[PDB]
> 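Take a look at the following structure, please.
Letters A, B, ... mirror the listed sequences (proteins, then strands); counts begin at 1. Keep in mind that the numbers below use all heavy atoms, side chains included, and drop hydrogens, waters and symmetry copies.
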Number of protein chains: 2
Amino acid sequence: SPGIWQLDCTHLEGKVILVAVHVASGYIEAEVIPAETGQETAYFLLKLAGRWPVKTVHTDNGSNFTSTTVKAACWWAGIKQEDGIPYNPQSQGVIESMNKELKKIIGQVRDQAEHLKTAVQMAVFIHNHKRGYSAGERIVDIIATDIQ
Amino acid sequence: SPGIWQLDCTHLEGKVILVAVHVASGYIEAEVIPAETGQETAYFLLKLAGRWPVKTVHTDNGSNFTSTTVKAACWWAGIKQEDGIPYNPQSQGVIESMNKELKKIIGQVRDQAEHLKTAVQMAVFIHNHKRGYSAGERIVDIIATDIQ
Ligand SMILES: CC(C)C[C@H](CNC(=O)c1cccnc1)Cc1ccc2c(c1C(=O)O)OCO2
Ligand SMILES: CC(C)C[C@H](CNC(=O)c1cccnc1)Cc1ccc2c(c1C(=O)O)OCO2
Ligand SMILES: [Cl-]
Ligand SMILES: [Cl-]
């Protein structure tokens, strides 16, 4: 459980927002990309795995599950690539609610940033710091408990 | 101490590698940028602070210390912007040695990646996972101890 992440891809202003959620904590990392390609997803995963101990990734769709570049990145980084099928149906709703929450924050900061990518990073900040512990506090505690 | 980061800017293949080091652990985050501008540094700091609890940043040079965009990002993210003057002279050497180590890793992976930005992220991964604890383990423990 401390090593499990879920990929999530949402759309805003004609651009794509790629999100990784740490399932146990609700902590996120996100980036704006022109389009969701295997290459972009692969690069995003390399970044993520160098920063947190990523053991398993539930991919966001079949295309990224199939992509040879995504598979190469998962091999390189020692990540077990799994499907993101919501065998527990509440998983879909939780992800959907997070996407709505994130878009709401983006709208609230949108004026403070010229570029969407900046607004997204502000939204990541606000999400991870929101309290009662924050997602940022929870991910650290979960992982620290695991090491020890 | 758990909230203190140091910025570091090094050069390779005619491009700029911007690095943030968590001083107490040796954990790093890095990005390739065309050139070190206030705007790029500001954006990098927004990303960093959404992901880890950044309380203080020792800026890498006077230009970034002075930059109004960097100051705006530090204000936004609740970061205390400080100088990076090595009042303890061993600080310069430690940073220099890390830059050499990182360039060495980049050279060792350079063949596995078409693009420098990819090689840099692979180097971040290898640095943070290198064991006796790893930098990734140390940053988590330090921060977890602080919350508790
Ligand atoms: C820290 C925040 C409060 C301001 C900072 C500077 N922007 C403005 O002053 C501004 C505000 C409103 C309208 N137009 C500009 C945001 C920022 C930082 C770095 C970047 C950016 C941006 C961006 O504006 O997207 O783009 C890529 O590198
Ligand atoms: C996971 C590694 C092992 C391979 C992966 C794909 N590259 C190759 O197969 C390859 C290797 C050597 C020469 N030409 C191609 C690397 C990668 C992933 C995502 C990206 C990339 C790159 C990149 O190659 O820089 O560029 C931005 O998005
Ligand atoms: Cl790690
Ligand atoms: Cl945080």
> Taking the side chain as every heavy atom from C-beta outward, state whether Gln92(B) and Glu96(B) have any atom pair closer than 4.5 Å.
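They are not in side-chain contact.
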> Is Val21(A) reachable from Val124(A) through a run of I, L, V, M, F, W or Y residues, each pair having side-chain heavy atoms under 4.5 Å apart?
yes
> What's the separation between atom CD1 in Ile126(B) and atom CD in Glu101(B), rounded to the nearest 0.5 Å?
9.5 Å
> Please determine whether the number of non-hydrogen atoms from other residues, nucleotides or ligands lying under 6.0 Å from atom CD of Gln90(A) exceeds 12.
no
> Please round to the nearest 0.5 Å and tell me the distance separating atom CG of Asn61(A) and atom SG of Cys9(A).
7.5 Å
> Is there a path of hydrophobic side-chain contacts, each under 4.5 Å between heavy atoms of I/L/V/M/F/W/Y residues, joining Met122(A) to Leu12(A)?
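They do not share one cluster, since no chain of ILVMFWY contacts under 4.5 Å joins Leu12(A) to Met122(A).
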> Rounded at 0.5 Å granularity, tell me how far NZ in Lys71(B) sits from CG in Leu45(B).
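Answer rounded to 0.5 Å: 12.0 Å.
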> Is there a side-chain hydrogen bond (donor to acceptor under 3.5 Å, both in side chains) between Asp60(B) and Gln6(B) once you walk through the steps?
CA-CA 7 Å; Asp60(B) 58 324; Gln6(B) 169 79 238; over 6 Å; no
> Tell me, do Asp146(A) and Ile142(A) make a side-chain contact under 4.5 Å, heavy atoms counted?
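Result no, sub-4.5 Å side-chain heavy-atom pair not found.
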> Say whether, by atom type as modelled, one donor and one acceptor occur between the side chain of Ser67(B) and the main chain of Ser63(B) under 3.5 angstrom.
no
> Please round to the nearest 0.5 Å and tell me the distance separating atom CG of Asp8(A) and atom OG1 of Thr59(A).
12.5 Å
> With side chains defined as the heavy atoms from C-beta onward, is the minimum distance between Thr118(A) and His115(A) less than 4.5 Å?
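Side-chain contact under 4.5 Å: yes.
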> Which heavy atom in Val140(A) sits nearest to a heavy atom in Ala144(B), and how many Å separate them?
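Distance-wise, the nearest heavy atoms are CG1-N, 3.5 Å.
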> When you look at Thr69(A) and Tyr43(A), which way does the side-chain contact (heavy atoms from CB on, under 4.5 Å) test go after all the steps?
CA-CA 9 Å; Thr69(A) 313; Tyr43(A) 182 73; over 6 Å; no
> Under the 3.5 angstrom rule, does the side chain of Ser134(A) hit a backbone N or O of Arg131(A) as a donor-acceptor pair?
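The answer is no, because no donor-acceptor pair under 3.5 Å joins these two groups.
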> What I want to find out is whether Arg51(A) reaches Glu29(A) closely enough, with some N-O distance under 4.0 Å, to be called a salt bridge.
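Salt bridge flag = no for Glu29(A) with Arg51(A).
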> In the structure I gave you, are the side-chain heavy atoms of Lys15(B) and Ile33(B) within less than 4.5 Å of one another anywhere?
no
> To the closest 0.5 Å, what do you measure between CD1 (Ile79(A)) and NZ (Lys55(A))?
12.5 Å
> Check the hydrophobic clustering (I, L, V, M, F, W, Y; side-chain heavy atoms under 4.5 Å; chains of links allowed) and say if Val70(A) and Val54(A) are grouped together.
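Hydrophobic grouping puts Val70(A) with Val54(A).
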> Main chain of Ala30(A), side chain of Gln121(A): is a donor-acceptor contact present, judged purely on distance under 3.5 Å?
yes
> Heavy atoms only: give me the nearest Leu48(A)-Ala20(A) pair and the separation to one decimal.
CD2-CB, 3.8 Å
> Mark yes or no for whether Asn128(B), through its side chain, and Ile28(B), through its backbone, hold a donor-acceptor pair below 3.5 Å.
yes
> Going by heavy atoms in the side chains, are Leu116(B) and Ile106(B) under 4.5 Å from each other?
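Contact flag for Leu116(B)/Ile106(B) side chains = yes.
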> Is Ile143(B) reachable from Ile147(A) through a run of hydrophobic residues whose side-chain heavy atoms are each under 4.5 Å from the next?
yes
> Could you check if a side-chain atom of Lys100(A) sits within less than 4.5 angstrom of a side-chain atom of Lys104(A), using non-hydrogen atoms only?
no
> What closest approach, in Å, do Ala135(B) and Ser25(B) show between heavy atoms, and which atom pair accounts for it?
CB-O, 3.7 Å
> Between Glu31(B) and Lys47(B), does any side-chain N to carboxylate O distance fall below 4.0 Å?
yes
> Under 3.5 Å, side chain of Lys103(A) to main-chain N/O of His11(A), donor-acceptor pair present?
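Confirmed, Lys103(A) side chain pairs with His11(A) backbone.
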> Walk me through whether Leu7(A) and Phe44(A) qualify under side-chain contact (heavy atoms from CB on, under 4.5 Å).
CA-CA 10 Å; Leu7(A) 284 176; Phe44(A) 179 76; 3.7 Å; yes
> Atom CG in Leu102(B), atom OG in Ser97(B): separation rounded to 0.5 Å?
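One finds 11.0 Å between CG of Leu102(B) and OG of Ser97(B).
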> Are the side chain of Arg110(B) and the backbone N or O of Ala113(B) linked by a donor-acceptor pair below 3.5 Å?
yes
> Apply side-chain contact (heavy atoms from CB on, under 4.5 Å) to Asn99(A) and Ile17(A), showing your working.
CA-CA 10 Å; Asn99(A) 286 343; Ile17(A) 300 170; over 6 Å; no
> Compare all side-chain heavy atoms of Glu82(B) with those of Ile4(B) and state whether any distance is below 4.5 angstrom.
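Not touching, per the 4.5 Å side-chain cut-off.
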> Report yes or no: is the cationic atom of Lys130(B) (NZ for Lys, CZ for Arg) closer than 6.0 Å to the six-membered ring centre of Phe125(B), at no more than 45° off its axis?
no
> Do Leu46(B) and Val109(A) belong together in a cluster built from hydrophobic side chains that touch within less than 4.5 Å?
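In one cluster with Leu46(B): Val109(A), yes.
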> Which heavy atom of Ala42(B) sits nearest to which heavy atom of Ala73(B), and what is that distance?
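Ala42(B) and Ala73(B) have their closest heavy atoms at O-CB, 3.7 Å.
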> Testing the basics here: between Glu40(A) and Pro34(A), what is the closest heavy-atom pair and its distance to 0.1 Å?
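The answer is OE2-CD, 3.7 Å.
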> Would you check if the side chain of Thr41(B) reaches a backbone N or O of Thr37(B) as a donor-acceptor pair within less than 3.5 Å?
yes
> Kindly say whether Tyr27(B) contributes a backbone atom to a donor-acceptor pair with the side chain of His22(B) at under 3.5 angstrom?
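Absent.
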> For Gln81(A) and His58(A), run side-chain contact (heavy atoms from CB on, under 4.5 Å): C-alpha distance rounded to whole Å, both residues' side-chain angles, the deciding distance at 0.1 Å, then the answer.
CA-CA 6 Å; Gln81(A) 194 200 216; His58(A) 292 271; over 6 Å; no
